[PDB]
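One chain comes next, on its own, written as structure tokens: the form deposited in one PDB entry.
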């Protein structure tokens, strides 16, 4: 594999030397011939994703040098129109499509009134390449190359620009849908390779987050709905867990607060092998950071975090075929610390979590016990006032579900923290037996 790449890089170097040579002598059609030559190296199927990525990055280096060179050399000149019709006649589809994206972007910058139509075409032309790997990189280049000519709201007031933020969304979202199709087809043994290319698909989400026109409104109405639709119908646990964690990370915490329901609603329908635990915990933590943030707008009081999460988590757990009990307690643990540093005066919340955990346990190892001691240590650490712990009625029923030595160590920990008071003392003491 590395010999094959070594011979590819070596052809790339010699062709880009002549391309950059014919550019200096202002021999642009010769330049584009050598570009079409080096682009022929991307047609191979004998390179792993890691090797192909090295060959791709060696190539897009020179194409981007050809892009800015055609842009500078012409200002707003009409000649790019000759080059854009020229490259349309290239022999092989891969070299033709890379050059159409490259020249098309230069074409838009000296014909701003043709922007919307060029962008539309470029994304449809990419549909012609169906190979998963080559299609992934080709459409990856499509994002980067058109990165700075997508219609956005922070645009200058100049006339002559065609397209608006609506068109950019459809552009990226359509590319996202097509890139995701290609990604699931790669599965047909190191799946370690598919994991590497998850970022190619993830770039569509990044590019959306960096469009200034994507506000909380268009995000809730158009963007997230488009993304989740592709994620839920994906039917692949690798892609689903990545894309959902990519949504949490990429978009701001101000967007998630207005889309907590449809997001957690999509967490239920995810494939059974997805770790919906880690997803939900991630979203909860990002909102804990956003709640305890200085100089920022906290969680508005009309957004009941504990309500939205306790219900939706109950629905997420309910839909999991074989979710480990250990993980079932983790969600409660994140549900119980959410209910005490976002709503400290809410003692009713904490007992509801514990009660809910009791229910789950009635219908049912060391792993889960390490998580239950976590769950019961949180109230006593937060409530250094056992008078408050007296109120939690389901604190002690959950004691009943421990490992025998774990029962005494938790009970020892509650006593180290020190009618109802003396009647809970005789109960813990009995279990020490």
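Numbering follows the first chain given and starts at 1. Take the two forms, find the largest set of C-alpha atoms that superpose within 1.5 Å, and that set is the rigid core.
Per the record, residue 418 and residue 419 are separated by 10 or more deposited residues that are missing from the model. Unmodelled stretch separating residue 188 from residue 189: 4 to 9 residues (count of deposited-sequence residues without coordinates). Once the C-alpha B-factors are averaged per stretch, 168 to 176 and 210 to 218 rank with 210 to 218 first. As listed in the deposited structure, the average C-alpha B-factor of 376 to 384 and of 53 to 61 is greater for 376 to 384. The PDB entry assigns its highest CA temperature factor, among 106, 291, 267, 94, to 291. Of the candidates 140, 102, 315, 362, the deposited coordinates give 362 the top C-alpha B factor.
Among all modelled residues in this chain, the alpha-carbon of residue 44 has a temperature factor (C-alpha) in the lowest third.
When all modelled residues of the chain are sorted by CA temperature factor, residue 37 is found within the lowest third. Looking at the C-alpha B-factors along this chain, the one for residue 346 belongs to the highest third.
In the deposited entry, the Cα temperature factor of residue 262 sits in the bottom third of values across the chain's modelled residues. The PDB entry assigns residue 121 a C-alpha temperature factor belonging to the middle third of its chain's modelled residues.
Keep in mind that the form deposited in another entry is missing from the display, and what follows is about it.
Annotation: the position in 105, 179, 350, 247 displaced by at least 2 Å at CA between the shown form and the other one, with the core superposed, corresponds to 350. After superposing the rigid core, the Cα of residue 297 is displaced by less than 2 Å between the shown form and the other one. Core-aligned CA deviation for residue 10 between the shown form and the other one: less than 2 Å. Comparing the forms between the shown form and the other one on their rigid core, the Cα displacement of residue 46 stays under 2 Å. Three angstroms is the minimum change: in the other form, the CA atoms of residue 112 and residue 78 sit farther apart than in this structure, by 3 Å or more.
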